[PDB]
């Protein structure tokens, strides 16, 4: 539409400490953010809050992994959703699978925050 809705980032991680740290970092840089504790809460947020324009997710999550969450997103009405992966332990095959799913980027933890913010600003046009 002619003027963008205010940006909202969904941060998905089953680690509450990290989830909250990243929300704080995004907010300290003037970017609104909300958190989901796994794939099910992520799909809820996406369904009921249309303002979300970007999702940041870990791959390493219980009970459902970041890769499975991404797959269901790409098969849904929110298939065009911008996604940045910030991952714990992973491997080449999984990274290639995720990249075929069209993510904006795939970063390894400990996250490079300056690079993360560049990707977020660019995707959100800020």
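Numbering follows the first chain given and starts at 1.
Asker: Using only the Cα atoms and their B-factors as the entry lists them, report which of 31-39 and 69-77 averages higher.
Answerer: Between 31-39 and 69-77, it is 69-77.
Asker: Comparing recorded Cα B-factors across 14, 20, 118, 105, which one is largest?
Answerer: Highest C-alpha B-factor among the listed options: 118.
Asker: Considering only modelled residues of the same chain, in which third does the CA B-factor of residue 93 rank: lowest, middle or highest?
Answerer: Within its chain, residue 93 is a middle-third residue by C-alpha B-factor, going by the deposited values.
Asker: Ranking the modelled residues of this chain by C-alpha B-factor as given in the entry, is residue 84 in the lowest, middle or highest third?
Answerer: Tercile = lowest for this residue's CA B-factor.
Asker: Compare the C-alpha B factor of residue 101 with those of the other modelled residues in its chain, then answer lowest, middle or highest third.
Answerer: Highest third - that is where residue 101 ends up once the chain's C-alpha B-factors are sorted.
Asker: What third of its chain's C-alpha B-factors does residue 55 belong to: lowest, middle or highest?
Answerer: Answer is lowest: the recorded C-alpha B-factor places it there.
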